[PDB]
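J.: My sequence and its experimental structure, below.
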Protein chains: 2
Amino acid sequence: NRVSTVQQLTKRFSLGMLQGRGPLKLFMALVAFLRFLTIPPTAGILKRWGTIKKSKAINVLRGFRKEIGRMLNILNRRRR
Amino acid sequence: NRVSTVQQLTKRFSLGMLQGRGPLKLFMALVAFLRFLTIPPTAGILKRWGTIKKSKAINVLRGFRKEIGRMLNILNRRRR
């Protein structure tokens, strides 16, 4: 269908993001995962890509960068 | 169970990774996603955390950093 996959974040973001929300990563994290294995952005991913806030998405992607650096702090203390 | 979730990458990494594989992100991407929403690393995630290669995982996490920067190149060209 290339469009019935973004429905999940379309029903979860009913009232929140544009208002404030908290994490707002659930959407980026999901599409990013698929974007890391096959990059199959359904229709909603693109149509919603240019109709959200960006300030929160870009900040979220920035937090993901800090979250990945933290993962290294986890795989860098194994000692052996 | 806190252990029957890593089984998926345990059956997919049967013969590869230590040999060469290709992406080897499927594992980090999955645990990373959960690590971005609730950080529920099952038993395997930890026991396997200190018994893999790290050079490939760290390189994978580095590729994820380049993949996220690319996502911005996508959410920075919307114009409006």
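T.: Here it is on my side, so go on. Numbering: from 1, shown residues only, chains lettered A, B, ... in the order given.
J.: and the most centrally placed residue in chain A, what element?
T.: Centroid-nearest residue in chain A, with CA atoms, centre = their mean: residue A:28, separated by 1.1 Å. Residue A:28 belongs to helix A:25-37 when assigned by DSSP states H and E.
J.: what about that helix and chain B, touching?
T.: Yes. Under the criterion of CB under 8 Å from any CB of the partner chain, helix A:25-37 makes contact with chain B via A:25, A:26, A:28, A:29, A:30, A:32, A:33, A:35, A:36, A:37. Heads up, the C-betas are built off the backbone N, CA and C, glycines and all.
J.: residues making contact with that helix?
T.: Here helix A:25-37 makes contact (CB atoms under 8 Å, 6 or more residues apart in numbering or on different chains) with A:6, A:8-9, A:12-13, A:40-41, A:45, A:48, A:57, A:60-61, A:63-64, B:23, B:25-26, B:29-30, B:32-33, B:36-37, B:64, B:67-68, B:71.
J.: Swap in 6 Å and give it another go.
T.: Applying CB atoms under 6 Å, 6 or more residues apart in numbering or on different chains, the contact partners of helix A:25-37 are A:9, A:40, A:45, A:57, A:60, B:25, B:29, B:33, B:36, B:67.
J.: cool, and stretch A:55-63?
T.: Stretch A:55-63 has contacts (CB under 6 Å, 6+ apart) with A:24, A:25, A:28, B:68, B:71, B:72, B:75.
J.: where exactly do the helices run in chain A?
T.: For chain A, helices defined by DSSP state H occupy the ranges A:7-12, A:25-37, A:43-49, A:55-75.
J.: Please identify which of the contacts of helix A:25-37 is nearest to residue A:18.
T.: Nearest to residue A:18, judged by CB to CB, of those is residue A:57 at 12.2 Å.
J.: now the closest one: how far from residue B:14?
T.: Going from residue A:57 to residue B:14 by CB to CB, to the nearest Å gives 37 Å.
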